[PDB]
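Engineer: Show me how the following folds:
(chains A and B)
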Amino acid sequence: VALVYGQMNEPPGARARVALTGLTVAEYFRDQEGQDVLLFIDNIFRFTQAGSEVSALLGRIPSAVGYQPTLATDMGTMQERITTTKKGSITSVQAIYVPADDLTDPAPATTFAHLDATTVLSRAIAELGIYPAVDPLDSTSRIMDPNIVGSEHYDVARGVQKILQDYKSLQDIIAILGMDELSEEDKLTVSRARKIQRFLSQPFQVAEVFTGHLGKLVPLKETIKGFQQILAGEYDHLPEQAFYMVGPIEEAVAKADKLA
Amino acid sequence: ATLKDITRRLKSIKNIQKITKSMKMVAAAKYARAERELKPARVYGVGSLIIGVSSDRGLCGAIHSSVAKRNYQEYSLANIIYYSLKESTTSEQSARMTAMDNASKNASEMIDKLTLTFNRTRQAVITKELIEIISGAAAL
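Structural biologist: Numbering: from 1, shown residues only, chains lettered A, B, ... in the order given. See the structure here:
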């Protein structure tokens, strides 16, 4: 990683440009060495704000909500340099701050014009111990189209979510009226869902110096199969905790063994 | 549409939704038990002065408004009162459950709308207040 910094004490113009500087660097590992670089802009809102400060200083009339008249171009001239050219591609993970919790606020609204996916980190999920604490129902992607990820991928994914959704429904019932008017059917959606929720968690190699556990980098193929089978009913006999913090389904099997 | 009022309304609806979701679950529990004990009761009652039967608690749709709108006999008199009574609470707990499901879902929807109305208003006040400052400044 190369780190580029635009600290909060820097004047508008500096916090304004540092995301371009970082961009410059990344474009090299693509236009000069044709790799697949990763660009991280933390956070995309302070980019926009820096834009407004600069704008105001140049005495230009603000537009709706006080932002810059050039909000959309200031953003476009930067966002657009982030793509897959014939030489390689830059992929950007942008930390978003939504003002006033207003998703139609000009800053945020403009920004979504460019996003192809959202990764929603959730404190609630974390509380399940589940990590990464990504929310499987709130996180989204433009490319989750069978015409793009292929029917299999697309169906598994849509399978995982529905089950996760259904279980969500039952969640209310379980706690109140108690876990049993539950059908041979309603008891399976839960079981699997709970297995799934866990199978969606995973050990990171970045946290090895700490979790005393080995990181896993599951492959896409392994991912779709994994969930495919749980949906399928291939491991309904396996127990929940067999799936907590593992990589490929094979590990779910072996953990079960060590868990008698 | 005042950020003050909007907030005042959200405040009272978030509580309503909470108390209303609670009342639903309590009812569905009372209902579940009532639905079952009703199985035998019917067989028993079917086996067996204007008297109107309902309850003391409202918030169960139209349960009340609807009704409002020698040894052998003595015995069969208690059996018939019992039967009606056992049918009544089953109807009542299932209607309170239903009524409180709706109420709670309406509340949440109202919540979602007021919130979105709040943000639109919040953005327009700032924009509005700022254009006003600019107009005055430019005229000089």
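
Engineer: So which residues on chain B come close to chain A?
Structural biologist: Chain B comes close to chain A at residues B:25-26, B:28-29, B:32, B:116, B:119-120, B:122-123, B:126-127, B:130, B:134, as judged by CB under 8 Å from any CB of the partner chain. Placement of C-beta: from N, CA and C, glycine included.

Engineer: need the contact list for residue 92.
Structural biologist: Chain wasn't specified; assuming chain A. By CB atoms under 8 Å, 6 or more residues apart in numbering or on different chains, the contact list for residue A:92 reads A:38-41, A:82.

Engineer: hmm, I had chain B in mind actually
Structural biologist: Residue B:92 sits next to B:54-55, B:57, B:60, B:63 when contact means CB under 8 Å, 6+ apart.

Engineer: For ChimeraX, what selects the buried ones among those residues?
Structural biologist: Once 16 or more other CB atoms under 10 Å in any protein chain shown is used to decide burial, the buried members of the contacts of residue B:92 can be selected in ChimeraX as follows:
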select /B:54,60,63
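
Engineer: Just the ones in helices from the contacts of residue B:92, please.
Structural biologist: Where these overlap with helices, as defined by DSSP state H, the overlap consists of residue B:63.

Engineer: where exactly do the helices run in the stretch 51-200 of chain A?
Structural biologist: A:71-79, A:106-112, A:123-127, A:146-149, A:151-177, A:186-199 (DSSP state H, counting those that start in this stretch).

Engineer: mind listing what residue 25 touches?
Structural biologist: No chain specified, so I'll use chain A. Contacts of residue A:25 (CB under 8 Å, 6+ apart): A:2, A:4.

Engineer: Wait, chain B was what I had in mind.
Structural biologist: If you count contacts by CB under 8 Å, 6+ apart, residue B:25 has them with A:172, A:176-177.

Engineer: Adding distance to residue B:40 as columns, could you present the residues you listed in a markdown table?
Structural biologist: Converted to a markdown table, these look like this (distance: CB to CB, whole Å):
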| residue | distance to residue B:40 |
| --- | --- |
| A:172 | 29 |
| A:176 | 25 |
| A:177 | 21 |
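
Engineer: Quick one: distance of the longest helix along chain B to the chain centre.
Structural biologist: The single longest helix within chain B, with elements called by DSSP H, is helix B:71-139. For helix B:71-139, the distance from its own C-alpha centre to the chain's C-alpha centre is 7 Å (CA atoms, centre = their mean, to the nearest Å).

Engineer: about what we covered before: is it possible to export the contacts of residue A:92 to TSV including neighbour count, secondary structure and distance to residue A:187?
Structural biologist: Supplementary listing: those in TSV, determined by neighbours: other CB atoms under 10 Å in any protein chain shown; DSSP: H, G, I helix; E, B strand; the rest coil; distance: CB to CB, whole Å:
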residue	neighbour count	secondary structure	distance to residue A:187
A:38	13	strand	43
A:39	20	strand	46
A:40	15	strand	43
A:41	22	strand	46
A:82	19	coil	47
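
Engineer: ok, those vs residue B:7, which is closest?
Structural biologist: Among the contacts of residue A:92, residue A:41 lies closest to residue B:7 (CB to CB), at 33.6 Å.

Engineer: so who does the closest residue to residue A:251 other than its chain neighbours touch?
Structural biologist: Closest residue to residue A:251 apart from its sequence neighbours, by CB to CB, 6 or more residues apart in numbering or on different chains: residue A:216 at 7.6 Å. Counting by CB under 8 Å, 6+ apart, residue A:216 touches A:202-205, A:246-248, A:251.

Engineer: Contacts only, for the spatially most central residue of chain B.
Structural biologist: Nearest residue to the geometric centre of chain B (CA atoms, centre = their mean): residue B:100, 2.9 Å. The neighbours of residue B:100, taking CB under 8 Å, 6+ apart as the test, are B:20-21, B:23-24, B:27, B:59.

Engineer: which of the residues you listed lies closest to residue B:70?
Structural biologist: Of all the contacts of residue B:100, the one with the least separation from residue B:70 (CB to CB) is residue B:27, at 40.8 Å.

Engineer: Could you pull up the residues touching the closest one?
Structural biologist: Taking CB under 8 Å, 6+ apart as the definition, contacts of residue B:27 comprise B:93-94, B:96-97, B:100.

Engineer: Take these and write them to a markdown table, including distance to residue B:80.
Structural biologist: Conversion of the contacts of residue B:27 to a markdown table gives the following (distance: CB to CB, whole Å):
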| residue | distance to residue B:80 |
| --- | --- |
| B:93 | 21 |
| B:94 | 22 |
| B:96 | 25 |
| B:97 | 27 |
| B:100 | 30 |
